[PDB]
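Chains as they are written, first to last, in the numbering used here: chain A, 258 to 1153; chain B, 43 to 48.
These notes are about the structure you will find just below.
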Amino acid sequence: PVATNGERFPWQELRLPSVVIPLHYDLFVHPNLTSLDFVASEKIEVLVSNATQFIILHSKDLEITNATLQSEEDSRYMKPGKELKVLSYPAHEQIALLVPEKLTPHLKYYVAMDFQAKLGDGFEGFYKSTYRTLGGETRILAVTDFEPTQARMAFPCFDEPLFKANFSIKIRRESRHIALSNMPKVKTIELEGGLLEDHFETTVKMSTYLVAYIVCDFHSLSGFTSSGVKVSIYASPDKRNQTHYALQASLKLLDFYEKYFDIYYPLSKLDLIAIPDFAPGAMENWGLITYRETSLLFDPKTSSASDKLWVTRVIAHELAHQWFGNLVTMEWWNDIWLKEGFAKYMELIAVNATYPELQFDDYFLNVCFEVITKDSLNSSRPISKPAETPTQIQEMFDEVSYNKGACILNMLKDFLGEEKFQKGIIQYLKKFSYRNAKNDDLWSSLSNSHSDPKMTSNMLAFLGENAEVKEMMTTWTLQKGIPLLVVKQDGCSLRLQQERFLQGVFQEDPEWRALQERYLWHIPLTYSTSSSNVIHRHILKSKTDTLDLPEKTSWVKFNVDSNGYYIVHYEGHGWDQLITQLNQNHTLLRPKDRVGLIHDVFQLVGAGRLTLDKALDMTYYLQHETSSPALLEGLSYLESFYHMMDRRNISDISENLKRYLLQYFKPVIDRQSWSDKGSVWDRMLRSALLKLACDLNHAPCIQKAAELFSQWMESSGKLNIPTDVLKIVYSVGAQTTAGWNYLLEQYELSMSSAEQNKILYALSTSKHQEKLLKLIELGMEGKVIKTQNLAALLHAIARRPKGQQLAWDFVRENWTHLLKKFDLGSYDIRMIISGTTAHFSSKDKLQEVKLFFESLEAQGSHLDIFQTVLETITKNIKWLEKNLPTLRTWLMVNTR
Amino acid sequence: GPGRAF
Ligand SMILES: *[C@@H]1O[C@H](CO)[C@@H](O[C@@H]2O[C@H](CO)[C@@H](O[C@@H]3O[C@H](CO)[C@@H](O)[C@H](O)[C@@H]3O)[C@H](O)[C@H]2NC(C)=O)[C@H](O)[C@H]1NC(C)=O
Ligand SMILES: *[C@@H]1O[C@H](CO)[C@@H](O[C@@H]2O[C@H](CO)[C@@H](O[C@@H]3O[C@H](CO)[C@@H](O)[C@H](O)[C@@H]3O)[C@H](O)[C@H]2NC(C)=O)[C@H](O)[C@H]1NC(C)=O
Ligand SMILES: *[C@@H]1O[C@H](CO)[C@@H](O[C@@H]2O[C@H](CO)[C@@H](O)[C@H](O)[C@H]2NC(C)=O)[C@H](O)[C@H]1NC(C)=O
Ligand SMILES: *[C@@H]1O[C@H](CO)[C@@H](O[C@@H]2O[C@H](CO)[C@@H](O)[C@H](O)[C@H]2NC(C)=O)[C@H](O)[C@H]1NC(C)=O
Ligand SMILES: *[C@@H]1O[C@H](CO)[C@@H](O[C@@H]2O[C@H](CO)[C@@H](O)[C@H](O)[C@H]2NC(C)=O)[C@H](O)[C@H]1NC(C)=O
Ligand SMILES: *[C@@H]1O[C@H](CO)[C@@H](O[C@@H]2O[C@H](CO)[C@@H](O)[C@H](O)[C@H]2NC(C)=O)[C@H](O)[C@H]1NC(C)=O
Ligand SMILES: *[C@@H]1O[C@H](CO)[C@@H](O[C@@H]2O[C@H](CO)[C@@H](O)[C@H](O)[C@H]2NC(C)=O)[C@H](O)[C@H]1NC(C)=O
Ligand SMILES: *[C@@H]1O[C@H](CO)[C@@H](O)[C@H](O)[C@H]1NC(C)=O
Ligand SMILES: *[C@@H]1O[C@H](CO)[C@@H](O)[C@H](O)[C@H]1NC(C)=O
Ligand SMILES: [Zn+2]
């Protein structure tokens, strides 16, 4: 069970022993940004709760040269020796420290090692990044990213989030660099040869994955929150101007969170820094949050309204973590939604509260619809499941841990109301401050809202409704997928019935009965009727139940405003009824009810519970619809049918769609200005509508956009393009070897990585194979087009008909190289796989992908995303074979 | 967390 030199490596489990608890780490790191390596040492104060001959902790890719143990309490180890024998077992990323004399329960010891490695080459542990300056200089910084399991690549440590400790960090550096870390800098002291050495205030108790340090030459803007925290935004010096909005938003959010959670942020400073090469979107390292440049930086001339909205989100997301994750931390990675689900959910409360004009409230339903796909497949997973190897732990970061977790919290908040929800939250955070919780600690704390309360008879429903709350959500976390609520209206008697919603699996399928087996949700229902817009609430705990309506009514609309994580079906006239209402007077349904009805109709076609012609019937009212969320939801289905047709050659149906979209909706498309004027939905509407018109080669749209591009190129950036149409204008621009060349050159020179983002997109809507592969080759290189951007580039290329095949060929014929740059469980490889295959909709393509996935399990590689893809290409094939002629005739009928 | 990119 053992190896390396020989010898029995004394520990066997992948998890660490719990006999040696860490308490304080003295960490000294000395990096050199010229030799691109580092030297380092640590002293770890541990407490032993059991007698042991050995200590076990993590360490990967680090060379260890000293190993001593000390104690002020165990004379045998009194200063300075002894020396420990060090035993390495890479397969478990562990090392063993072999103590000469079995240690003593309840006494403290001091472990000490010296370690060194090259600066990392990826996006892991202590790695190298580079940026360009305004003068075309290329500089180097060194930066940490640890989540989940890579602190162990920087320093040996008890590397599991339970082993919270205090950290005391010192860093050696040249005068041209600063050094940053979790905590403020107490001391710089100067040294012999002229080097400096920063001391940082000891951390509070905290998990290893959040420890951070950076050595760079960046610049900042600072400001102070209402409660005295110094917020600073760091970016490379030529981008200082782009940090203003981040400074403004962090202050108001950190304010908001202190008041909302009723718990001060504990450190004196909060730094946000924008790292040029950064794989995740951001990481919530306590006191030193790192960001993708596009998550943090903003610049009014090239960053759109959508951009701002994204930057605010990510900032609100990371600050939320300072309490959810850093303050209170998962016991282990199985319950990782405990922090990502909550940070995600809190983007909504905090951004709604601090920036209501961003209208983020209306964008939150998209987070939940986006996860209802995926979750309507059998390859889904529950929100908490066991996970033990590092890849599986990385795999826990997906739309389920984040989106779905945030969505069911929203459900529960709507049930208990905001006050009891906030109160529950505050108690969760206050109670596990500086330690760890699991699922059940949350549910207990969310249910519970001389003596504290007054005694009553009504008290029994306060102790029993509380127990209901806990019983409820354990079904939402331990069960994969989402419930279909099927309503039958006949009389003033409504029959209720829950199934597991399945897509590409119809009510009468040979595989349907098994997949439906043991599933049952405590679904907190809501609804309203045509009579009174008054919400009623009932809790369907059983596979069957019924309700009497206090009147007769035209229609019943379940799932008010879509606060609930379920789809609704109406048997009988229900669908005919509600659609009629939408056709005649649509404003007698609340806007979010509309968004939901549109959503659910199209989702139910997929499930075979409804014919496509009935969905397509509902979209007719969109000619009258001015609520942008519902109008854009609606359009999005028509726009995806088109691209799906376009992706096959099915050009008779595609051309009909193009005509129905430009004809119907011709008025709304035509009110659109090529400007940045109006509200945020106003501008979300404008970019959408114009993008659609130039995708469908509308002659006005293509000509306006093409003009702006010449005006722009022939002034070499002088006259300027309103942000909301920037991406359109550039991509129409890219349709010639001239524009595309110019744009590629503008990419290298630009200093808005949000502009770069729009340019590289535009560049991928070209039709020449040569251009698309060039984009990819560059992407591999990592010089022109950074490798952090490759996965999204392949995705953009594959999305479009001319690039479908190329992206596929490339992913297969270059798989080995792809993996040298990213971990198998990285969001990069997940997206590279998925983005190049999941839109495929034919028996042929399904075959090839089945083969390419098989081969990857010849070699040592398994991911869930394999089944999920195949289940999505299958879902697609059925959709076409079971709905396509209905779409063909509904258009033809319509042309008539 | 993230995670993602956009
Ligand atoms: C990282 O490693 C580099 C070398 O690879 C270190 O820089 C070099 O070492 C010392 C320390 O700065 C310098 O020594 C003296 O510099 C003066 C220049 O005023 C020179 O006239 C003296 O004769 C003496 O050599 C050396 O020049 C310097 N060289 C270069 C090219 O930088 C650097 O200190 C290391 N940084 C860290 C943080 O360890
Ligand atoms: C490791 O981190 C923990 C936090 O998880 C630190 O605990 C904190 O320790 C300080 C100092 O003993 C406590 O200070 C308190 O504040 C006022 C300041 O005016 C002081 O006068 C009070 O008498 C009080 O002690 C603080 O309560 C405590 N916080 C918690 C949550 O326990 C700990 O100090 C760190 N360990 C090391 C070795 O630095
Ligand atoms: C650490 O010490 C404790 C206490 O001496 C050991 O736990 C005891 O024995 C069983 C087996 O773990 C536990 O379930 C009991 O709770 C403990 N009993 C008593 C009387 O304390 C534990 O086994 C030791 N750990 C190791 C790895 O040897
Ligand atoms: C880490 O190990 C190195 C050796 O790799 C130690 O270097 C010793 O330095 C002292 C003087 O400081 C010499 O007298 C010894 O002979 C050296 N040892 C060897 C094996 O060459 C160094 O002291 C160790 N540092 C720590 C902090 O443990
Ligand atoms: C960064 O923003 C500052 C803030 O305006 C700009 O600097 C000054 O702008 C005022 C306003 O017109 C001028 O009068 C000053 O002469 C500017 N000073 C300097 C030193 O430029 C600056 O132009 C912006 N820089 C970038 C790269 O965006
Ligand atoms: C849809 O219904 C609303 C609500 O009745 C209509 O708006 C109102 O119309 C009533 C009488 O029809 C007036 O008494 C109210 O003053 C109106 N209020 C508002 C805010 O408009 C609306 O006109 C109906 N639209 C259609 C197309 O039937
Ligand atoms: C879509 O249909 C067009 C027209 O039928 C195809 O264009 C050419 O079709 C002929 C035979 O009909 C082939 O010999 C050529 O190789 C096709 N050209 C190209 C560039 O493929 C087209 O192939 C069809 N499929 C698409 C566009 O994917
Ligand atoms: C958004 O903010 C308003 C006003 O602050 C509040 O009344 C509303 O409930 C908020 N929405 C949510 C979902 O909390
Ligand atoms: C999902 O479906 C596959 C085949 O379609 C089946 O083998 C697998 O067991 C299913 N997953 C379950 C039942 O959790
Ligand atoms: Zn997160």
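Each residue gets a CB set at the ideal place from its N, CA and C atoms; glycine is no exception.
Ligand 5 heavy atom lying under 8 Å from the CB of residue i
| i | result |
| --- | --- |
| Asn-705 of chain A | no |
| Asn-542 of chain A | no |
Residue environment, residue i, which counts as buried when at least 16 other CB atoms sit within 10 Å
| i | result |
| --- | --- |
| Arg-570 of chain A | buried |
| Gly-1117 of chain A | exposed |
| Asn-816 of chain A | buried |
| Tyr-1084 of chain A | buried |
| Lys-509 of chain A | buried |
| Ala-607 of chain A | buried |
Selected residue, minimal CA-CA separation from residue i, among the options
| i | options | result |
| --- | --- | --- |
| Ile-836 of chain A | A:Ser-345, A:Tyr-878, A:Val-568 | A:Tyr-878 |
| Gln-1003 of chain A | A:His-1025, A:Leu-1030, A:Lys-975 | A:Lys-975 |
| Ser-811 of chain A | A:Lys-427, A:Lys-1024, A:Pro-258, A:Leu-845 | A:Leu-845 |
| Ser-908 of chain A | A:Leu-953, A:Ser-944, A:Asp-933 | A:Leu-953 |
| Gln-773 of chain A | A:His-779, A:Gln-764, A:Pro-781 | A:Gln-764 |
| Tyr-917 of chain A | A:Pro-740, A:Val-1150, A:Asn-1071, A:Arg-928 | A:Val-1150 |
| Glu-454 of chain A | A:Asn-323, A:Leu-284, A:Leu-527 | A:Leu-284 |
| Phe-1110 of chain A | A:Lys-1100, A:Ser-1098, A:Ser-1091 | A:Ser-1091 |
Span separating the alpha-carbon of residue i from that of residue j
| i | j | result |
| --- | --- | --- |
| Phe-311 of chain A | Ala-422 of chain A | 20 Å |
| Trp-589 of chain A | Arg-1087 of chain A | 23 Å |
| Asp-933 of chain A | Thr-980 of chain A | 6 Å |
| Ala-539 of chain A | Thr-547 of chain A | 5 Å |
| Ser-1010 of chain A | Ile-1016 of chain A | 9 Å |
| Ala-991 of chain A | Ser-893 of chain A | 24 Å |
| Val-259 of chain A | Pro-347 of chain A | 10 Å |
| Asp-697 of chain A | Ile-682 of chain A | 14 Å |
| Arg-430 of chain A | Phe-295 of chain A | 11 Å |
| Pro-1142 of chain A | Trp-1136 of chain A | 11 Å |
| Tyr-517 of chain A | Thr-445 of chain A | 36 Å |
| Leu-1030 of chain A | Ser-477 of chain A | 38 Å |
| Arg-497 of chain A | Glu-550 of chain A | 12 Å |
Any non-hydrogen atom of ligand 6 closer than 8 Å to residue i Cβ
| i | result |
| --- | --- |
| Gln-841 of chain A | yes |
| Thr-883 of chain A | no |
| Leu-845 of chain A | yes |
Contact test: residue i Cβ vs ligand 9 heavy atom, cutoff 8 Å
| i | result |
| --- | --- |
| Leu-772 of chain A | yes |
| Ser-636 of chain A | yes |
| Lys-737 of chain A | yes |
Residue i CB to nearest heavy atom of ligand 8 below 8 Å
| i | result |
| --- | --- |
| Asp-618 of chain A | yes |
| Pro-647 of chain A | no |
| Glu-675 of chain A | yes |
Cβ-heavy atom distance, residue i to ligand 10, below 8 Å
| i | result |
| --- | --- |
| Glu-330 of chain A | no |
| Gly-43 of chain B | yes |
| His-349 of chain A | no |
| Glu-656 of chain A | no |
| residue 255 of chain A | A query on residue 255 of chain A cannot be resolved here, the shown segment of chain A reaching from 258 to 1153 and no further. |
Closer than 8 Å: residue i CB and nearest ligand 3 heavy atom
| i | result |
| --- | --- |
| residue 215 of chain A | Because chain A spans 258 through 1153 in this model, residue 215 of chain A falls outside it and cannot be assessed. |
| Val-276 of chain A | yes |
### Task
Pick out the complete beta strand (DSSP E) segments inside the segment 597–667 of chain A, 3 residues or longer, and give them in chain order.
List check, beta strand (DSSP E) in window: nothing returned.
### Message
At 3 residues or longer, what runs of the beta strand (DSSP E) sit wholly inside the segment 451–490 of chain A?
### Response
Look at the segment 451–490 of chain A and you find these whole runs of beta strand (DSSP E), each 3 residues long or longer: 453–457, 470–473, 476–481.
### Message
Quick check for students: name the residue ranges of the beta strand (DSSP E) that lie wholly in the segment 795–859 of chain A, counting only runs of 3 or more.
### Response
Runs found: 802–805, 813–815, 824–828.
### Entirely enclosed alpha helix (DSSP H) segments - the segment 309–383 of chain A, minimum 4 residues
List check, alpha helix (DSSP H) in window: nothing returned.
### Message
To test your reading of the DSSP string, which unbroken alpha helix (DSSP H) runs of 4 or more residues are found completely within the segment 693–771 of chain A?
### Response
Counting only runs of 4 or more residues that sit fully inside the segment 693–771 of chain A, the alpha helix (DSSP H) segments are 696–704, 717–735, in chain order.
#### Entry: alpha helix (DSSP H) runs contained entirely in the segment 516–593 of chain A, provided each spans 4 or more residues
Listed in chain order, the complete alpha helix (DSSP H) runs (minimum 4 residues) inside the segment 516–593 of chain A are 550–553, 562–580.
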